[PDB]
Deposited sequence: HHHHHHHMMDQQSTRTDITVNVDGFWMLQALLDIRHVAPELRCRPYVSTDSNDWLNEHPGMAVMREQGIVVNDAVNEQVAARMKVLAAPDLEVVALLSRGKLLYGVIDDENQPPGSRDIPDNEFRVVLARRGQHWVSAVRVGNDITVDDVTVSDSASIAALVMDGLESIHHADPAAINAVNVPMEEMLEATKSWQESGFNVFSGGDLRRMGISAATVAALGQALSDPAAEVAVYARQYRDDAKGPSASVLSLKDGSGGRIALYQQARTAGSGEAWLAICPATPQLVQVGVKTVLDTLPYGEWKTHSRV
């Protein structure tokens, strides 16, 4: 094995010894500003292992970043309901897993945070398929779900988001689905989308970002997967007005959705790109 794991304060010691200000924000560490490690071999003397040092240097400033927020239950996107939450807390919800896959040059480095622990390994990625394979064999170990027995359907973005905002006020009640079916959406789709938002078993959100001359830019498509009691559903903006793709989370379309995200990046070539 060629991996390490640190806790959040340990990750800071890494940034400190290497003089890195930030990592990806989904990792949710503290910033280092210019002012156990030795046991598990991560630090020799005063310096850092050369292996771990190179991966850290990727996370520190990568040309591209691909993320996967997964959750057992409803993805809370970082926010814990609490009054006793301190300002600037670096805790993440106990039911959240974060996956970051940066690439500087041709060095792909995965950073995975679960609870207060981060693990940093190298990662092997080639095309969209290998990247979709990580997200799925991670979601599948969260929860096993068959794809929804629905049919794909494209849908106007704005009208959907609005229709969805007002649908939520019902509890995503299947009675209040009228405005959705008056939009082209099959009936069974509404059933499975209803359940996937009302009481979900596991959700995923996959997006990506790119850098060129210190200028950040997120993909125009986000790929959300939700697990209902009516299967798994994939939703993602199609490549570009703007249109949403609501389809079953089958291996094929999940791969297409990930290809869409990776190709809606602001500065083009995703497998080969420099800042």
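No C-alpha positions are given for the deposited-sequence stretches 1-14, 50-62, 268-272, 308.
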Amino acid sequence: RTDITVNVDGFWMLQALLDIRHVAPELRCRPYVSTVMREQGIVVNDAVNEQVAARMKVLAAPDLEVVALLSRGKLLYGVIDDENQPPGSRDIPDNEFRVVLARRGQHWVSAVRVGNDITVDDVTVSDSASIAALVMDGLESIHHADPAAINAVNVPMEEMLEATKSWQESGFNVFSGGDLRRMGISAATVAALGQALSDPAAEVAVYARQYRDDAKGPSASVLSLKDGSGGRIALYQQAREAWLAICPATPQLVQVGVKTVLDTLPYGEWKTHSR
From here on, numbers count along this sequence of modelled residues.
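Higher average CA B factor: 125-133, of the stretches 125-133 and 90-98. Just going by the entry, 107-115 versus 149-157 on mean CA temperature factor gives the higher value to 149-157. Comparing the C-alpha B-factors of 42, 66, 69, 59 in the entry, the top value falls on 42. The maximum CA B-factor among the listed residues 30, 209, 226, 240, taken from the PDB record, is found at 240. Annotation for residue 203: CA B-factor lies in the lowest third of the chain's modelled residues. Ranked by Cα temperature factor within the chain, residue 184 sits in the highest third according to the deposited record. Sorting the modelled residues of the chain by their CA temperature factor places residue 176 in the middle third. Per the PDB record, residue ranking by Cα B-factor puts residue 38 in the highest third of the chain.
Annotation for residue 165: C-alpha temperature factor in the middle third relative to the rest of the modelled chain, per the entry.
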